[PDB]
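Take a look at the structure below.
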Amino acid sequence: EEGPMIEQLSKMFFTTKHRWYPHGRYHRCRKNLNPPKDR
Amino acid sequence: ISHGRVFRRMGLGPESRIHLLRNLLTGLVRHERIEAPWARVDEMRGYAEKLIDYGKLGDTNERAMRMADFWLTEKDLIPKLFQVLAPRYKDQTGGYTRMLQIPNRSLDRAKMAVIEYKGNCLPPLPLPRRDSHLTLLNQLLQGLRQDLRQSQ
Amino acid sequence: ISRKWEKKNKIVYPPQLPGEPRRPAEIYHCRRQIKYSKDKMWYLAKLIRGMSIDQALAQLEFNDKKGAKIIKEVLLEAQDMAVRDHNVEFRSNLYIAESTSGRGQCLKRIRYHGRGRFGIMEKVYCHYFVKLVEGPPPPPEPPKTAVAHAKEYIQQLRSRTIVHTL
Amino acid sequence: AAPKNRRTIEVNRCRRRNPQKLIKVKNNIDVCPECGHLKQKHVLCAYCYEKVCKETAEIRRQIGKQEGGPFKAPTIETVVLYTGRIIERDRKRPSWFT
Amino acid sequence: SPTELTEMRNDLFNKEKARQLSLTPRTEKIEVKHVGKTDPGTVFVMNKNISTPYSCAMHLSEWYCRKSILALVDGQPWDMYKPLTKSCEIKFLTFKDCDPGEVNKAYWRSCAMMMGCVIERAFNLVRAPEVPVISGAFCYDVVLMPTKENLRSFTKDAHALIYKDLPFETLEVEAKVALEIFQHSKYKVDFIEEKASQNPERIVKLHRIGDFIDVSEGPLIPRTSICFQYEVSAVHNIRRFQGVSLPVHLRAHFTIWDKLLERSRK
Amino acid sequence: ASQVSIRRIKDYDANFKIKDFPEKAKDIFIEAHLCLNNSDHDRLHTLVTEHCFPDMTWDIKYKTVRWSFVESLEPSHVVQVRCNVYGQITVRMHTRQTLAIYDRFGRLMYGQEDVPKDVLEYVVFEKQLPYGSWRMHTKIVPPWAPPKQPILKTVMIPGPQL
Ligand SMILES: [Mg+2]
Ligand SMILES: [Zn+2]
């Protein structure tokens, strides 16, 4: 279940709820799948 | 606010609503079946049952006669109400009027409904059955019942 | 006026080798200049999208909307096409891959407003598009679990570098 | 009142592509155990209801024919006989009128 | 040994299947009619040793596939997944018919098989008894004491199996082959022999759930997923394990389910 | 009657010999079938008449056939011949023919590609009598050959809807 799960995650990892909420389609499209890796 | 408030608000006022109801009733009396919008249909049924009860009291009671006159506009129907419907339901108490849905009216997509006085002369409606007794769960239940009986 | 959807049924993919996956039958069909607004069509389309033909048909039957009938008709026609012309054996094995609504050519009329004034009514039309594929309807997104999220977070953590210095 | 700025397409999508406005995927639908043409729970089968309606209509017509003009409504419970008060149809009886 | 045996039996089954396939010469076609209360009077032009009544169902619709369980071909119940030999007349059977007794028996058999499967892994099986529906359980006889925890575990296993969702593979086989398959288990062998004796053709009915294989008289339900509520009530002393289980299409609901379980327990 | 027809044909043409014709006919047939594989409507129409062309090209559209030819059994025979002015010949044919019909997507719906099957044909040819030539008109479905190859996919035949 969503909110509870989020809370659990937060507890585990020490962080706010806002990052665990899933971001939209446009943003994901934008993300670079093959970034330039070094070293 | 409209708590504990029977009677839907049908026509252009209460008189209008009553008139509408009456027409439906008349139709029912004529026909013994009507396709009609579901919200009014229940009202009709309610009225219909009462009307039948009234009819049961008999021709000779004047009040009943008056009521019949008021509610059956076509006037040939009053005799039918007295000399048929009442005869049919002398054994019953208030089981009359069978009211079931119809898919939906085509133009305005209203909720529809049928309204027959019980028994009647027309071809039977394709009624919703309960599941047959020979099915698995039902069988199990039966078995349980039997066991219980045995115990007691 | 362009019509590529119609064309799409006229492709011939070169024949398969014995040791190769089956390559399911894709089937494309439309209705043009339907009297409806595209956005209204879109909801119906959305409702259909991932579903087996049969399920979709069922849904359409009981959705009280003008366009629903049309969509159902289209689906039926598509099914028929699949069985006859496109060599799909089982009707039941067709699922809806795609369903979308385009805008048809629209007619302008006068609306006649109060005072001396007037709007321009545009009498709208739609093109309904369908793609059926052969095979059972693909499984939807399984909602990612807490564990998955945790894993992702861990990955992210790992992924970092010292940014600027070297 | 007048819109002070044009509503952006993204915003609009969010507004109008949200799950309250999307059409619900119902689960009332069962097969019609006689006739198989598929129907809602809590509702009479549309196809199954149709035949009955048709039958009623024909019977109604026959009744009308019997009873010359309007304002009759006799004092007898009517019966519908097909081929062996009475109303006389034709054909065999269907597998549902009994 | 249990690690070997299962594999070996499976292999044997596969071989048998292959052999069966061998006999037909490259797609032989038969015209199978649909007798039924609805969707008449259709005929399906099927390929004989391959195509099942499931194919027929598919051709008709998806609804049929969902709800059909046994296929009465010439007034005798085939499994949905057991092929249609020669030109014949089909009826499809649900749980909710006027005459659902055949279906019920099949369901019971399936349940028994599932139970047996659960037993075999969890830790020799004599037979599945031919129990009615009013008797209020499906049993399975096993030669080896279990607690409530054990029962729970068993139930869980069954649930897992159901989730896995395996098709009930079918074959009607020679008796010799059957014997070969189950020569280690004596009771099973005896049962097979009895079955052979019963019929004129030897025609032993082998049924299979992925890895597990078993003998049974009647037909079986298509898949394990049709079981929805499945539990393992108690064991009574050979040791007869009992169970009660209701499918999708007839869900019990809590209190009722509990009552049923209690009944089974007796 | 046949003889008379032949004579008439000779008179029309004029130079014509039926001792070599069957072979020619066979060759033409082969060419036509080759064309069918490669979808050459340009080449086909020099062979095969306006009656037969649409009969052997409509069904086979959007779908790739993989025909081949191999060892004709018996000699190429010629049965009955008869005769605006559009003549008619009939040819009996007994050959080994491969057939593999693949759909829009690939797949395979009729027959095996490698395995050759032995076939009977009663092929009727016609010709126009200025720049005409001998082209296929009909395939006579007699005598009573042992059905066809069975279709791979299963089929449902809907009954009378109500
Ligand atoms: Mg003015
Ligand atoms: Zn029905």
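FYI the Cβ positions are ideal-geometry reconstructions off the backbone, even for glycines, and counts take in every protein chain you see. Values quoted throughout were computed directly from the atomic coordinates according to the rules given, and no laboratory measurement underlies them.
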Check: So, in the range C:85-113, of the ones that are away from chain E (no Cβ under 14 Å) and among the basic types (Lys, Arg), which residue ends up farthest from E:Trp63 (Cα to Cα)?
Finding: C:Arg111
Next item on the list: Look at the range F:150-162 and say how many of its residues are more than 30 Å from D:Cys35 (Cα to Cα) and assigned to a strand (DSSP E or B).
Entry: 0
Item checked: One residue from B:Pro128, B:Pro123 being assigned to a loop (DSSP other than H, G, I, E, B) and surrounded by 18 or more Cβ atoms within 10 Å (Cβ to Cβ) -> B:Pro123
Item checked: Which numbered condition D:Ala2 misses (of (1) surrounded by 10 or more Cβ atoms within 10 Å (Cβ to Cβ); (2) more than 29 Å from B:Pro103 (Cα to Cα)) -> (1)
Next item on the list: Could you tell me whether E:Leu125 is within 30 Å of D:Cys48 (Cβ to Cβ) and not charged (D, E, K, R)?
Entry: no
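Please indicate, with yes or no, whether at least one residue in the range E:5-20 is within 14 Å of chain D (Cβ to nearest Cβ) and within 30 Å of F:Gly111 (Cβ to Cβ).
no
Residues are listed down the side, and each one gets a yes or a no for (1) under 30 Å from A:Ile6 (Cα atoms); (2) of a type in the set (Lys, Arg):
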| residue | (1), (2) |
| --- | --- |
| C:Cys106 | no, no |
| C:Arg111 | no, yes |
| C:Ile120 | no, no |
| C:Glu134 | no, no |
| C:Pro139 | yes, no |
| C:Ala150 | yes, no |
| C:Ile162 | yes, no |
Check: Of all residues in the range D:31-63, which are near ligand 2 (Cβ under 10 Å from one of its atoms), outside any helix (DSSP H, G or I) and either within 14 Å of chain E (Cβ to nearest Cβ) or over 13 Å from the mean Cα position of the chain (by Cα) (or both)?
Finding: D:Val31, D:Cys32, D:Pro33, D:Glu34, D:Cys35, D:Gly36, D:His37, D:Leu38, D:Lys39, D:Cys45
Check: Only one of (1) buried (at least 21 other Cβ atoms within 10 Å of the Cβ); (2) more than 18 Å from F:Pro158 (Cα to Cα); (3) polar (S, T, N, Q) is not met by E:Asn49, so which one is it?
Finding: (1)
Checklist line | Verdict on D:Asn27 being exposed (fewer than 11 other Cβ atoms within 10 Å of the Cβ) and either within 14 Å of chain E (Cβ to nearest Cβ) or within 16 Å of ligand 2 (Cβ to nearest atom) (or both) | finding: yes
Next item on the list: Identify the single condition in (1) in contact with a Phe, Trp or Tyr (Cβ under 7 Å, 6 or more places away or on another chain); (2) within 17 Å of B:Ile78 (Cβ to Cβ); (3) away from every other protein chain (no Cβ under 14 Å) that B:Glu49 does not satisfy, given that it satisfies every other one.
Entry: (2)
Item checked: Single residue of E:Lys67, E:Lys48, E:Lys96, E:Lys37 found to be under 17 Å from C:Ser92 (Cβ atoms), within 11 Å of another protein chain (Cβ to nearest Cβ) and over 13 Å from the mean Cα position of the chain (by Cα) -> E:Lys67
Next item on the list: Identify, by number, the condition in (1) at positive phi; (2) of a type in the set (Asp, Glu); (3) buried (at least 20 other Cβ atoms within 10 Å of the Cβ) that E:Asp79 doesn't meet.
Entry: (1)
Checklist line | So D:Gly84, is it out of contact with any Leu (no Cβ under 7 Å at 6 or more places or on another chain), within 14 Å of chain E (Cβ to nearest Cβ), on the phi > 0 side of the Ramachandran plot and assigned to a loop (DSSP other than H, G, I, E, B) | finding: no
Next item on the list: Take the range F:96-149 and flag every residue that is closer than 20 Å to F:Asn38 by Cβ and assigned to a strand (DSSP E or B).
Entry: F:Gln97, F:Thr98, F:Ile101, F:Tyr102, F:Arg135, F:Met136
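Can you tell me which residues in the range C:22-37 are in a loop (DSSP other than H, G, I, E, B) and either facing chain F (nearest Cβ under 8 Å) or of a type outside the set (D, E, K, R) (or both)? Working first, answer last.
Step one: of the range C:22-37, the residues in a loop (DSSP other than H, G, I, E, B) are C:22-25, C:35-37.
Hits for the range C:22-37 are C:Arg22, C:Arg23, C:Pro24, C:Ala25, C:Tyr36, C:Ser37.
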Note to self: Quick check on the range C:51-70. Is at least one of its residues hydrophobic (A, V, I, L, M, F, W, C), within 14 Å of chain E (Cβ to nearest Cβ), closer than 29 Å to F:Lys63 by Cα and more than 14 Å from the chain's Cα centre (by Cα)?
What the structure shows: no
Note to self: List the residue pairs whose Cβ atoms are under 9 Å apart, where the first residue sits in the range A:27-39 and is within 13 Å of chain C (Cβ to nearest Cβ), the second is hydrophobic (A, V, I, L, M, F, W, C), and the two are 6 or more positions apart or on different chains.
What the structure shows: A:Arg39/C:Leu166
Check: Is the range B:45-57 home to any residue that is surrounded by 14 or more Cβ atoms within 10 Å (Cβ to Cβ), closer than 19 Å to B:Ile18 by Cα, in contact with a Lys or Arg (Cβ under 8 Å, 6 or more places away or on another chain) and of a type outside the set (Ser, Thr, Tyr)?
Finding: no
Note to self: Pull out all pairs, ordered by first then second residue, where Cβ-Cβ is under 7 Å, the residues are six or more apart or on different chains, the first lies in the range E:99-124 and is at the interface with chain B (Cβ under 10 Å from one of its Cβ atoms) and within 20 Å of E:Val248 (Cα to Cα), and the second is in a helix (DSSP H, G or I) and not charged (D, E, K, R).
What the structure shows: E:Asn104/B:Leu136; E:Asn104/B:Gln139; E:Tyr107/B:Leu136
Note to self: Name the residue that is surrounded by the fewest Cβ atoms within 10 Å (Cβ to Cβ), counting only residues in the range C:86-100 that are among the hydrophobic types (A, V, I, L, M, F, W, C) and part of a strand (DSSP E or B).
What the structure shows: C:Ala97
Next item on the list: Taking C:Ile154 as the residue in question, decide whether it is within 14 Å of chain A (Cβ to nearest Cβ), aliphatic (A, V, I, L, M), in a helix (DSSP H, G or I) and at negative phi.
Entry: yes
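Go through the range E:128-140 and give me each residue that's surrounded by 17 or more Cβ atoms within 10 Å (Cβ to Cβ) and either touching a strand residue (DSSP E or B) at 6+ places or on another chain (Cβ under 6 Å) or closer than 10 Å to E:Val118 by Cβ (or both).
Within the range E:128-140, E:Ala128, E:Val131, E:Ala137, E:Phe138, E:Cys139, E:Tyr140 qualify.
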Next item on the list: Kindly establish whether B:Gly58 is in contact with a helix residue (DSSP H, G or I) (Cβ under 9 Å, 6 or more places away or on another chain), more than 14 Å from chain D (Cβ to nearest Cβ) and on the phi > 0 side of the Ramachandran plot.
Entry: yes
Next item on the list: Please state which of the following conditions D:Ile76 fails to meet, knowing it meets all the rest: (1) within 16 Å of ligand 2 (Cβ to nearest atom); (2) assigned to a loop (DSSP other than H, G, I, E, B).
Entry: (1)
Next item on the list: Would you please name the residue that is nearest to ligand 2 (Cβ to nearest atom), looking only at residues in the range B:105-152 that are within 9 Å of chain D (Cβ to nearest Cβ) and on the phi > 0 side of the Ramachandran plot?
Entry: B:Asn120
